[PDB]
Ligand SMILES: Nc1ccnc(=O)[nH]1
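In structure tokens, the next block holds one chain alone, the form deposited without the ligand.
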């Protein structure tokens, strides 16, 4: 059994005038994450952890701005494509764990919807997908609500 681990990181600024989308879930809130597309910090971190575990580089190498098929794709579509490319390299996904660091808003009521989005997109049972939520105890830009961070870890195995 040829197991591999991957880890992922993402951060985006938290600004008025964009929706707040994390884990494929749109969360009603006065601000949203700034970046390309939906700036879904959680799905990007997971996407990188999966590419990382398959040793397939990173999210930036896979999906560019000029990409004719993936310009106009949201972060769930990128995740589904990532899962396909991980399978192409010979790996089946075993589990995902993650942490969202956000001072606000409260994320607890939206976690299980995030897990269901991720589980569906990866064709995993719900109980192989975990998402945890943290504040930053008012420390740094995260503590001041200037951005939201996601951290992810993934376990795969070669078929």
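Positions refer to the first chain, counted from 1.
Although it is not shown, the form solved in complex with the ligand is what the next lines describe.
- When the ligand is superposed onto this form from its pose in the deposited bound form, none of its atoms lies within 2.4 Å of a backbone or C-beta atom, and the site is open.
- Stretch-level contact check against the ligand in the deposited bound form with heavy atoms at 4.5 Å: of 25-33, 126-134, 88-96, 113-121, the positive one is 126-134.
- The candidate spot formed by 102, 105 and 108 is fully in contact with the ligand in the deposited bound form: every one of the three has a heavy atom within 4.5 Å.
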